[PDB]
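# Structural overview
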Protein chains: 2
Amino acid sequence: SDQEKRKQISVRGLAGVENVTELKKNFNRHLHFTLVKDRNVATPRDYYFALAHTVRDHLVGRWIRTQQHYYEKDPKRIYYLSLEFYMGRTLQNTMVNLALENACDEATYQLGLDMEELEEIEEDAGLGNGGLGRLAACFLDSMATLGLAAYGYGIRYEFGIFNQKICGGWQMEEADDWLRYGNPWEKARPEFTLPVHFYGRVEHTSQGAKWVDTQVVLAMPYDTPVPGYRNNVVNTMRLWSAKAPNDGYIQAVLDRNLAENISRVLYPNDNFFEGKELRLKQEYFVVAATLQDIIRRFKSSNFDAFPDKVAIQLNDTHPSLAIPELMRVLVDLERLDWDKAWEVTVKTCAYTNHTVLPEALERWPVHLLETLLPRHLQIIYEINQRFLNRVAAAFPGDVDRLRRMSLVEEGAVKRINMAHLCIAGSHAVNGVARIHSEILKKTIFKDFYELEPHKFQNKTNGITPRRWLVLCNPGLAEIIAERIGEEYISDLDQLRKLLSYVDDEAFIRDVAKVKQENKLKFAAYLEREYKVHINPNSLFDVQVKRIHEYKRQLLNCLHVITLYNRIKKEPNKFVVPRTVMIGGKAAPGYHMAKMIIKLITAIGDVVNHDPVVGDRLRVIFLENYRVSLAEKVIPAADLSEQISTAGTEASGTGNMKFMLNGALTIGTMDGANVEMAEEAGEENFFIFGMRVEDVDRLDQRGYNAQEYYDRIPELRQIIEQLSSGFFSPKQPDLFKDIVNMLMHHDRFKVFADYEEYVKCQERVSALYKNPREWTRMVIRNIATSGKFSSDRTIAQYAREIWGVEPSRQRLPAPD
Amino acid sequence: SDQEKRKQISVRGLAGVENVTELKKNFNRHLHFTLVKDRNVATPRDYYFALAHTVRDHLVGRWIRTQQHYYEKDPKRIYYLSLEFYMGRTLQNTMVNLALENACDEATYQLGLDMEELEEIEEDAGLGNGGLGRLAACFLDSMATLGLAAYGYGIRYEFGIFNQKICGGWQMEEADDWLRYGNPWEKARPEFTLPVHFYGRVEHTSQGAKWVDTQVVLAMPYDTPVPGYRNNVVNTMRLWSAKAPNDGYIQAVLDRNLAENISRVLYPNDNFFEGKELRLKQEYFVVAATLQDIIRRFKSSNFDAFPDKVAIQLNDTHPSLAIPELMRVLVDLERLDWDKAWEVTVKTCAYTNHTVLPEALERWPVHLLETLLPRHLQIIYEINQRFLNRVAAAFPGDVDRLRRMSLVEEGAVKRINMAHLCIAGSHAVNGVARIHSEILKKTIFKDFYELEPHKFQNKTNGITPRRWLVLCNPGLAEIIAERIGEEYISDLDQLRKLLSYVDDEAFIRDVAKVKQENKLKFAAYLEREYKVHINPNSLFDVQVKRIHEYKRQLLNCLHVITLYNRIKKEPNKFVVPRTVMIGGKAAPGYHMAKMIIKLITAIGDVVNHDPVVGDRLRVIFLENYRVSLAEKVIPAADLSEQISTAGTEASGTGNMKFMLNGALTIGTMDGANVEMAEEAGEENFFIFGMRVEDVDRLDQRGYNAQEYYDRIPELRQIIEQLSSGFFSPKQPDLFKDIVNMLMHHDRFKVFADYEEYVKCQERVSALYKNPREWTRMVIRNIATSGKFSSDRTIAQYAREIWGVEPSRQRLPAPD
Ligand SMILES: *Cc1c(COP(=O)(O)O)cnc(C)c1O
Ligand SMILES: *Cc1c(COP(=O)(O)O)cnc(C)c1O
Ligand SMILES: OC[C@H]1O[C@H](O)[C@H](O)[C@@H](O)[C@@H]1O
Ligand SMILES: OC[C@H]1O[C@H](O)[C@H](O)[C@@H](O)[C@@H]1O
């Protein structure tokens with residue numbers, strides 16, 4: 001067979017040019033041949049798919065070229081391991097990054113279809129809980145835009161974060177069947193399935209340890225392309241799916257599901273550790289399959305150069321088993337001596353920490369590890385002993401420090417501290433915001449910092465300006481581009497140039513106009529799909545993020561009740577109208593968080609129907625908060641609520657989304673809020689409350705909520721209302737748990753920041769009364785938000801941790 | 001929005017002409033855009049998929065046009081309900097029916113690929129057990145070729161008939177993961193999902209019965225196109241998949257699998273009833289979803305005309321619940337009076353019976369029905385009472401007949417006789433071969449025939465000449481076409497014209513040549529994938545079909561042992577060399593059938609390694625017999641073994657496949673064998689053994705196997721060898737169960753036909769010694785096989801049962 005003939009098999013002149021005529025032809029081909037429909041039976045959903053497949057074609061052509069480029073060049077490859085990737089919708093993002101939205105708009109118009117309506121049909125890919133998962137998605141976009149040979153590796157959950165329904169003011173969870181109609185963006189790769197082992201026992205041969213009698217589960221990969229901004233670079237996100245191997249008869253076949261349950265559902269916990277076996281299986285599953293893939297790719301173009309061609313970033317401790325697994329492969333399978341394998345491992349791995357809350361830290365009981373992964377437990381103990389021997393050498397006689405730094409925690413229930421394991425086996429450990437990285441060094445990881453100061457770094461979080469500005473706020477993007485060009489989209493620091501228009505009346509008018517249109521649009525979306533009626537001239541006070549005690553939605557609640565009581569006291573006095581919106585999901589088994597949601601809706605029941613309040617105050621709970629809803633509400637916000645107790649929010653990212661979209665911020669000196677105020681100037685930020693040091697003082701002497709109750713009349717009145725059933729007539733003591741918690745068991749000191757919060761909120765209202773000054777402060781915010789672009793964050797990771805150089809060089813088009 | 005614009009959305013000038021240039025372009029598009037591969041990483045499997053998708057495009061264009069045609073014309077629609085559809089491979093069949101194989105051959109050649117190698121990569125769609133499932137697939141091909149508006153409705157099993165492995169001579173079952181790499185022929189239709197109810201209770205309202213508190217399982221359809229032979233008609237096969245509705249949290253999500261287990265696996269029983277709950281769920285599942293689909297289609301272009309636009313054919317009693325379900329919908333939901341609904345039901349339904357063996361008859365215990373389908377049990381009792389009242393009127397005082405005809409069977413375990421239910425609610429009941437249809441009237445359904453003689457018919461089975469001649473035996477098809485043209489492919493009766501070449505030396509030579517090449521090819525396939533070495537000059541003695549006691553593979557075994565003992569007795573005497581091949585799967589829990597497989601392999605262990613036997617006798621067990629293997633072995637056969645006990649094989653279809661492909665038949669006067677000998681002339685058939693009447697005589701007086709053992713020395717010697725461990729040295733009494741069964745509990749009288757069988761086999765050997773005469777008899781067989789084309793069978797069903805006229809009119813091409 002003449003091999004020269006196969007040269008005809010090329011992507012060389014395929015999808016056609018990105019002009020209207022060709023797009024329509026392809027749309028037509030997909031509607032008929034791909035979906036097997038015709039114009040008579042086709043529904044909007046069918047048209048959405050035909051368009052998605054049409055855009056996919058162009059995306060795929062570049063995907064193939066990028067992967068070919070990497071094979072040829074063989075650059076150092078970056079593997080971002082995460083158990084969460086909160087992607088959201090893909091159609092628009094793809095059109096924008098490929099510069100296809102105009103042609104698609106035109107092509108669909110000529111066919112008698114409306115593209116914006118089609119886009120709203122796409123399901124959100126919710127394979128994440130919140131900030132951690134969304135950060136991974138932003139990073140993927142940035143790594144592609146910066147031309148890095150990066151791969152995101154995770155799990156392809158059949159069901160993502162649940163859909164939230166509000167029934168009788170209570171949250172109800174509904175499985176998120178996001179794959180029901182299919183996912184046009186993913187490509188199954190059954191030919192690349194790999195085995196993953198569980199259980200079994202370790203037996204010692206003359207030449208080494210052997211893991212035998214193990215149960216096998218197959219890992220089948222699904223590839224999703226991730227496009228960079230107009231550089232023709234398309235990277236890969238590889239998600240693993242669990243499959244049972246093919247080796248009474250009926251029952252045996254039915255029992256295959258047991259193995260496939262590993263990738264069935266995403267654990268809905270945000271910043272909380274649940275030590276369940278299934279979760280541990282998920283963690284090893286993603287790790288074992290991923291590392292096999294990494295080693296194979298490395299061997300296809302000894303291990304001394306592994307760290308020069310491979311960098312593995314661990315997103316939190318979830319994929320931490322990658323350390324002992326890499327050691328297992330190198331020592332047991334490749335037969336490298338321990339010290340050499342360890343050297344390679346440490347130089348390859350880097351770990352990112354995302355929280356300081358003790359209940360979020362993964363500490364796995366050893367009994368679960370010895371039965372599920374016997375060989376890894378052995379390796380972990382060995383790692384521990386050799387690590388502790390190093391500590392003893394640097395601090396002779398410090399037996400206390402040895403107990404504190406151990407990877408193994410004593411107590412009746414022996415547990416393995418996964419964070420300690422990550423620090424020991426990583427060459428770099430980073431926090432996600434300056435204040436957080438400092439706290440890591442001053443507190444929880446103080447011992448580790450003293451031993452290896454060089455390991456600790458900071459990499460302040462960021463968000464991608466493509467989805468979080470260009471995509472969700474085209475109106476804002478347009479007026480900014482008309483003054484400074486389009487270069488800021490991949491170089492956000494250029495927003496700085498806007499400081500020159502702070503006094504320009506034209507700009508001031510335009511910024512305020514874009515915001516009003518966004519607010520009008522949002523109020524319309526609310527009436528259409530969720531029936532009620534907010535006043536579009538009120539101040540849009542928004543707090544959207546997962547429901548958590550540390551995020552203090554309750555503090556927000558106390559303020560709106562204060563506002564309501566104030567109006568009732570003096571009904572004929574003027575007040576800046578406000579629409580207070582709070583949204584977010586609560587983990588299913590988090591009782592207090594679910595009680596907080598009920599309190600929010602109960603407050604709205606009273607306030608929203610009080611005739612003397614009228615249009616001056618409206619409290620709305622936005623149900624099913626997710627990425628696509630964030631894209632709608634954030635651009636319509638005036639005030640962003642970032643009120644976590646100082647020292648608890650590692651960084652936050654929603655805060656950056658709001659800053660970039662023209663909302664002013666009211667918050668504590670926590671996480672990235674510190675750096676945002678730093679960039680915009682503290683006078684252009686609404687800061688209040690205790691600083692980290694003040695929280696420490698209170699803790700030393702002891703927090704007594706009663707003191708505040710006794711000294712603040714307005715606060716006392718609120719608690720009295722809550723206990724008397726003022727917000728729950730048919731069940732007077734419904735909120736007894738919330739009241740008791742605030743009075744006697746509040747770890748987040750809500751009462752301690754109440755007074756400063758209310759006073760600060762008063763200043764916000766004062767400034768809103770002056771549109772011109774409000775808008776001028778907003779411009780000072782938008783103009784200094786450049787530091788918070790994920791392109792900056794990724795550039796720092798690449799240079800300071802991965803040892804690779806970013807690049808904006810564009811690759812050639814398929815043809 | 002100008003609706004005129006949408007007229008651009010058409011299939012009108014799409015796939016391009018069916019010439020080489022366009023095919024290559026599309027192949028290229030699919031390899032890159034559909035599969036996301038390139039010429040560097042593509043494997044043959046990838047190339048196979050690219051070709052399949054390319055051919056699919058042309059198939060889909062006609063599919064859409066056919067469905068449009070039916071909407072316009074609104075012809076009476078035929079619904080073939082079956083729990084099995086044994087489809088086999090689809091690529092080649094599609095190319096042949098669309099007349100694309102030459103262009104595809106050329107296009108692939110020019111790309112440097114070999115099409116025959118690509119075709120061998122396709123997985124068999126094994127959603128069937130054997131004859132019943134394969135008949136449904138042949139019928140689908142014929143209904144399309146005859147231009148009928150037909151739909152096949154069944155279940156999309158995740159795992160079809162198991163893959164059979166032989167380990168140590170024993171059968172081992174392995175799950176058939178046929179969807180592992182995907183199915184390019186099916187199209188998921190999540191938008192057409194329908195609910196199916198289970199359990200619950202019946203409550204009586206003032207206006208009627210209501211089925212409430214039921215559990216819901218969703219039925220999602222998957223459509224597969226089925227092309228007719230060159231008429232551009234593409235029908236639909238709709239297979240249902242079970243899905244759980246979206247309404248601790250983790251466990252709740254994991255438990256969704258329980259509902260999806262309904263369509264997980266095909267029960268591997270052939271002609272045997274297993275009363276398991278899951279099976280019953282499967283039966284109602286397919287029925288409930290299908291009928292909803294039928295009613296919807298009917299209402300979209302009152303019920304008095306239902307029978308004029310709808311015909312429902314029940315393939316065996318598996319889909320029998322369609323009768324009480326249709327009644328439930330018409331009475332409970334549409335509120336028709338009972339008598340009118342019943343009239344409509346009977347006129348709509350027709351039932352096909354496939355077996356007479358009592359252990360194959362479905363008799364469901366009422367306790368299972370009252371808990372799973374309470375409302376259907378009520379309807380069935382009502383149906384029974386009104387049916388029995390009719391019997392009493394026609395035969396006053398015949399209380400015995402009333403007990404015999406009842407749909408309800410008394411005994412401790414009350415059961416519902418599904419066959420009686422089908423007869424009562426169908427306007428037509430048919431057997432599948434003349435002798436079988438007669439037995440139905442003379443025995444098991446005698447009572448029903450006396451009450452309604454007009455209901456009983458016969459519809460002799462057939463096979464499709466496309467797959468069973470043109471596809472699997474191109475060499476034969478070609479030499480036949482060179483003398484009589486290509487019109488026989490859709491009018492098999494034309495093979496008759498070949499009787500004019502019985503004496504032509506050229507033809508005689510060609511027929512014998514085609515067979516030798518087929519045998520050479522098969523012997524090559526055997527050495528390649530299954531290593532051993534059969535002599536291609538020996539007589540190919542083949543028996544392939546499911547392992548069953550009634551099919552009497554054991555009788556075959558006795559003959560080969562007789563042959564072996566004969567050679568050993570007189571080693572230097574000449575004998576016509578023979579390669580005896582036996583293949584077929586055994587149901588997992590059928591102990592005796594699994595013992596028979598072991599006996600076959602044990603016989604081969606001895607015979608195949610006996611040096612004095614040499615190349616004169618070889619016994620081979622063909623493992624994993626399935627549709628694609630049948631396509632390989634049948635065309636290479638010389639002798640077809642159809643030796644079931646007279647009166648047990650309803651029809652048989654493998655027998656017809658062998659006749660059409662140049663093999664002579666040795667068999668009993670059973671099933672369709674009677675009609676085949678009738679068509680070819682009994683002198684051109686090797687008939688032997690008891691006729692149905694002789695079996696009846698033996699039964700009356702009593703079957704005593706000992707008599708034959710005592711009177712036949714050669715038989716006695718064989719049994720002695722089996723009991724002594726001659727075929728199982730390390731375990732002397734391994735075959736004790738087989739020997740005891742043959743001697744004391746043989747329901748199929750193997751010994752009674754032994755003598756005539758051996759004598760008849762002697763005549764076969766005699767004729768084979770004379771190639772010229774052997775081949776001339778073969779021609780007399782091939783030339784008279786026309787009656788056994790499924791086109792004939794379907795034509796008869798359409799005219800005599802469905803009330804629709806067949807048609808060979810070709811529809812216009814897409815463009
Ligand atoms: C940005 C984002 C988050 C993170 O919000 P924070 O206020 O940092 O906690 C959570 N959920 C979604 C859907 C997001 O878009
Ligand atoms: C034709 C066919 C059958 C039916 O064979 P019989 O000899 O009629 O029992 C069974 N299995 C397969 C795979 C078939 O092709
Ligand atoms: O690092 C991304 C996010 O991770 C976690 O969700 C932290 O709670 C949050 O503060 C941070 O922004
Ligand atoms: O009707 C199709 C087939 O159904 C069953 O398999 C019968 O056993 C067989 O005789 C018949 O040919």
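Residues numbered from 1 in each chain as written, not as in the entry; some residues may be left out. Chains lettered and ligands numbered in written order. Heavy atoms only, no water.

Method-wise, the PDB entry is recorded as coming from X-ray crystallography, at a reported resolution of 2.00 Å.

## Observations regarding the pairing of strand β11 (residues 215–227) of chain A
Working note: regular strand, side chains alternate between the two faces of the sheet. Residue and element names in this part refer to chain A. Taken across its 13 residues, β11 has eleven buried, putting it largely inside the fold. The pairing of strand β7 (residues 187–188) with β11 spans two bridges and is classified as antiparallel. Its bridge partner lying in β11, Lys 187 is registered against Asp 223. The sheet contact formed by strand β8 (residues 194–198) and β11 spans five bridges and is antiparallel. (Buried < 20%, exposed > 50% of the residue type's maximum accessible area, 1.4 Å probe, protein only. Helix = DSSP H or I, 4+ residues; strand = E, 2+ residues; numbered from the N terminus. Pairing = 2+ DSSP bridges.)

## Focus: a negative patch on the surface
Residue and element names in this part refer to chain A. Taken together, the side chains of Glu 101, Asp 105, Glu 106, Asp 114 and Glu 117 define an acidic patch exposed on the protein surface. Here the negative patch gets three residues from one element, more than from any other, and that element is helix α4 (residues 101–110). Its place among the elements puts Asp 105 in helix α4. The class for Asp 105 is partly exposed, based on a relative accessible area of 40%. (Patch = residues over 30% accessible without salt bridge, like charges linked within 9 Å, V, L, I, M, F, W, Y side chains within 5 Å. Areas by Shrake-Rupley, 256 points an atom, 1.4 Å probe, with all protein chains shown as cover. Salt bridge = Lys/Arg side-chain N within 4 Å of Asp/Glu carboxyl O. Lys, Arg positive; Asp, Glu negative; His and termini not counted. Charge placed at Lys NZ, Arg CZ, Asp CG, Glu CD.)

## Details of the nonpolar core
All names here are of chain A. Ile 312, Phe 522 and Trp 802 are the most contacted members of the largest nonpolar core, which has 258 residues in total. Top element by residues in this core is helix α9 (residues 277–299). It accounts for twelve residues. If we skip the residues at most four places from it in the chain, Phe 522 touches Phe 540, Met 581, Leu 622, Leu 629, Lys 632, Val 633 and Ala 636. (Core = buried A, V, L, I, M, F, W, Y, C linked by side-chain atoms within 4.5 Å. Contact = heavy atoms within 4.5 Å.)

## A closer look at the relation of the copies chain A and chain B
The operation relating chain A to chain B is a screw motion whose rotation component is 180°, with 0.0 Å of axial translation and a residual RMSD of 0.0 Å. The two molecules are tied by a two-fold rotation axis, judged by turn and shift. Minimal C-alpha distance to the rotation axis in chain A is attained by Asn 257 of chain A, lying at 3.6 Å. Counting the interface residues of chain A, we find that 100% of their copies in chain B are interface residues as well, pointing to one common contact surface. (Least-squares fit on C-alpha atoms.)

## Examining the interface of chain A and chain B
Taken together, the contact between chain A and chain B spans 66 residues of the former and 66 residues of the latter. When chain A packs against chain B, close to 6,300 Å² is buried across both sides, 59% of that on carbon and sulfur atoms. The three residues of chain A that bury the most area against chain B are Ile 9, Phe 33 and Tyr 249 of chain A, which together make up 13% of that side's buried surface. If you look at where chain A meets chain B, you find two salt bridges. Between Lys 37 of chain B and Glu 191 of chain A there is a salt bridge whose closest N-O contact spans 2.6 Å. Taken together, the connections running from chain A to chain B amount to 28 residue pairs in polar contact. Put simply, the parts of the chain that give the side of chain A that touches chain B at least two residues each are α1 (20–34), α2 (44–73), α4, β6 (170–174) and α7 (249–254) of chain A. The leading source of residues in the side of chain A that touches chain B is α2 of chain A, at eight residues. Of the residues in the side of chain A that touches chain B, the class split is 32 nonpolar, 15 polar and 19 charged. (Buried area = accessible area lost by both parts, 1.4 Å probe. Polar contact = N/O pair within 3.5 Å; in protein donor to acceptor, adjacent residues only side chain to side chain. Nonpolar A, V, L, I, M, F, W, Y, C, P; charged D, E, K, R; others polar.)

## Things to note about the domain arrangement of chain A
All names here are of chain A. Split by domain assignment, chain A resolves into domain 1 (6–462 + 790–812) and domain 2 (463–789). Computed over C-alpha atoms, the centres of domain 1 and domain 2 are 32 Å apart. Each partner contributes to the interface: domain 1 provides 56 residues, whereas domain 2 provides 56 residues. Summed over both sides, the interface between domain 1 and domain 2 buries roughly 4,400 Å², with carbon and sulfur atoms accounting for 51% of that surface. On the surface where domain 1 and domain 2 come into contact, there are eight salt bridges. The partner of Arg 89 in a salt bridge is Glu 631, and the shortest N-O contact between them spans 3.2 Å. (Domains from an automatic or database assignment.)

## Comments concerning the packing of aromatic side chains
In the structure shown here, the tally under the stated rule is 50 aromatic pairs over all chains. An angle of 75° between the planes, with centres 5.9 Å apart, marks the rings of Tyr 80 of chain A and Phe 139 of chain A as edge-to-face. Taken together, the residues span a long stretch of sequence, with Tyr 80 of chain A in strand β1 (residues 77–81) and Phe 139 of chain A in helix α6 (residues 131–145) at a distance of 59 residues. The two residues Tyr 80 of chain A and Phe 139 of chain A agree in class, both being buried. Seen from their ring centres, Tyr 525 of chain B and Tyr 530 of chain B are 6.1 Å apart, and the 40° between their planes marks the pair as tilted. Within the aromatic cluster, the residues linked to one another by ring pairs are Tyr 79, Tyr 151, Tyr 153 and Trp 240 of chain A. When the ring centre of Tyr 222 of chain B is taken as reference, the NZ or CZ atom of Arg 156 of chain B above it lies at 3.9 Å. Seen from the ring of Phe 540 of chain B, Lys 519 of chain B lies directly overhead, with NZ or CZ sitting 4.7 Å from the centre. (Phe/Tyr/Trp six-rings, centres within 6.5 Å; stacked < 30°, edge-to-face > 60°. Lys NZ or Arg CZ within 6 Å of the ring centre and 35° of its normal.)

## Some words on the packing of helix α22 (residues 553–569) of chain B against helix α29 (residues 713–723) of chain B
Residues and elements named next belong to chain B. Two numbers describe how α22 lies on α29: the axes approach to 10 Å, and their chain directions differ by 100°. Taken together, the axes of α22 and α29 lie roughly perpendicular to each other. Contacts between α22 and α29 involve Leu 558, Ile 561, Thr 562, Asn 565 and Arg 566 on the former and, on the latter, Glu 714, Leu 715, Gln 717, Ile 718 and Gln 721. Across the contact of α22 with α29, the residue classes tally to four nonpolar, four polar and two charged. (Axes fitted to C-alpha atoms, helices over the stretch in contact; angles between N-to-C directions. Parallel < 35°, antiparallel > 145°, perpendicular 65-115°, else oblique.)

## Comments concerning unusual backbone geometry
The backbone phi angle of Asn 271 of chain A is positive, close to 55°, even though this residue is not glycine. Tracing the chain through its elements places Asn 271 of chain A in the loop between α8 (257–260) and α9.

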